[PDB]
Structures are given as C-alpha cells and as structure tokens.
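Only one chain comes next, encoded as structure tokens, the form deposited without this ligand.
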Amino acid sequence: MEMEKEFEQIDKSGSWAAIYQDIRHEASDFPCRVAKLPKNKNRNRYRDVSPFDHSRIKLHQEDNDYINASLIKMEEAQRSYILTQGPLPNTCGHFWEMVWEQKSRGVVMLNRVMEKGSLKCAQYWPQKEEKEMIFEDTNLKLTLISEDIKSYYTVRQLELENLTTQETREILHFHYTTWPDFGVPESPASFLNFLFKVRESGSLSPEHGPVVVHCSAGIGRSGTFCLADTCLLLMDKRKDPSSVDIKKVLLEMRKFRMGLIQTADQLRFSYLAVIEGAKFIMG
C-alpha cells in the first residue's frame, strides 16, 4: 500500500509538522467579506474561522442570508458536504433553516456541547421527546423522535417541521461523543465505524441534500470526517486506488473552507483513518 509507505516514512522522519505547514502555505486564500460585515459579528463563533464568499451557504429567507457554513463539493468523488460551526445561542434557527433549505438528511456532530469546561456549541436539538423546540425567527419546529446511545456515538432521529407550510422531514443526528478533549483518537477504528454508520443511513447519498457536518469551529474534526470519507470513496471509484493523495484531496477541500484539519496530529490521524478504512473496504 503506497499511502501506508508515505505514512511510515513521515513517521520515521518526524516530518508531520513540516508536512502540515506546507499544506497550510499552499492552501487557498479566498475573500470572506460577507462573514466580516459588522451586521454578522454575532453570527460567527470565531473571528478567524469564516466561510469564503464563493462557497458559503446562503439562507433563503430574506433580511440576512448569512450563516457560517460552506459547501464543499467534491467533483470527482460525487460527494458534497456542508461544513459549519457549532450553532450559537442566536443561530440555532438559522442552522435548522439551512438544514431545511438544503434538503439535508443528516447532521454529523463531532463535538460535545461542553468540552474542556466551556460551551463549544449551543444545545440546538431537543433532549426529551415531550419537550420539542420551536425556532420562532425561522418558523421551524424540531422534535426528538428517538435516540440510540452507543459507546462511541449517539444516533438521534428528529422531525423537522416547516411551520409555515406544515411539511415535515426526518433528520438523522449522528453525534460522535468520544473525541478526546486534547489530541485525536488513539485508534481510527471507532471513527471509521461512525463514518460507516453515517454512510449506511443514506445521509451522504446524492438522493439527499449535502450532509451538515460541524464541530466547534467546523474545520478540525469536521475536516477529518470529510477528508476520510472522500478519500475512501475515491479509492473505491478509481482504476488505481493507490493514486489517491490525501494531501491533494485536503487542498481541494480547502478551496471551499479554510483551515480544514487544524493540527499535524489531525493530519496524521486522517492518514491513519484512510489507511485502515482502505483495509476494511478494499481489503
């Protein structure tokens, strides 16, 4: 396996930080002027994590179409993702409006609501069946239908209703709950297992809108999830699987949202996930 050889030699030479810095230098720099308008200050969780203008998701209701969310469209892989930040107390109705308008089937959440003793994300979905949430600014109702708590992740089914038109949709919420507070997982096994659960639900499939993926900033763990999914897709699709270059796929994704993969350890982990996922698939 070629990718496993490049991996092993980056490891023996301790080059991970230097490989990662070169990705940071080659990565696209596009304007984010809507993100930086003063009227959108409180729609952004981080001042240094903004969606590019050319790939930003626009809310359809008029007034302010801004949400911190980017469409990553992977042409050759035939896969699209919306990467977004963890919703803010003020942007939960926007978040669910985007899910509605983009005809998304799945939401992939890679963080806990509280990590390292701080709030990383608003509690933007209901925790009890009998206590639904209404988002008055975007006129949406959200109801917990069921949830399935496993050791490494939780799957929720939710009903999203457009109160304007009374249409209802089922949204699946895939919540990875065991990503360590510091660093990355020891073994890619549970992350891959989680990714395949998302795949098996249909949420990544072209009959639906793009999956919505977020962590706290929507670039670090979120980048890892999309990078691994797209790389494994490409390895299944291509005549030559060993022709799949993680670094070139990452740089392609970074044309659509800045900062994807935030650390050299997250880069190493992405390589790891793709390599081990290749065995379990293409073995």
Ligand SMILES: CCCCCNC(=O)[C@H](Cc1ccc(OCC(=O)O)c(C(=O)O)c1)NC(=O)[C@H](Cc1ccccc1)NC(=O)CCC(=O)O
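Residues that one form lacks are left out of the comparison. Don't overthink the numbering: it's just position in the shown sequence, from 1. Think of the rigid core as the biggest set of C-alphas that the two forms share within 1.5 Å after superposition.
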On mean C-alpha B-factor from the PDB entry, just flag whether 221-229 or 240-248 is the higher one. 240-248
As stated in the PDB record, which stretch has the larger average Cα B-factor, 176-184 or 104-112? 176-184
Temperature factor at the Cα of residue 146, chain-ranked in thirds, falls in the middle
According to the PDB entry, is the CA B factor of residue 203 in the bottom, middle or top third of its chain, that is, lowest, middle or highest? middle
Please say which third, lowest, middle or highest, residue 152 falls into when its CA temperature factor is compared across its chain. highest
When the deposited Cα B-factors of this chain's modelled residues are ordered and cut into thirds, is residue 90 in the lowest, the middle or the highest one? middle
Residue 23: C-alpha B-factor third of its chain, per the entry, is the highest
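The next section is about a form of this same protein that is not shown, the form deposited with this ligand bound.
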Non-hydrogen atom contact residue 45 with this ligand in the bound PDB entry at 4.5 angstroms: yes
Taking this ligand as it sits in the bound PDB entry, is residue 57 near enough to touch it, meaning that at least one heavy atom pair lies within 4.5 angstroms? no
Proximity of residue 117 to this ligand in the bound PDB entry, heavy atoms at 4.5 Å: no
May I ask you to state whether residue 215 is within 4.5 Å of this ligand in the bound PDB entry, using heavy atom distances? yes
Go through 179-195 residue by residue and record those having a heavy atom within 4.5 Å of this ligand in the bound PDB entry; state none if no residue qualifies. 181, 182, 183
Can you list the runs of 3 or more residues whose CA atoms move by 2 Å or more between the shown form and the other one, with the rigid core superposed? 180-183
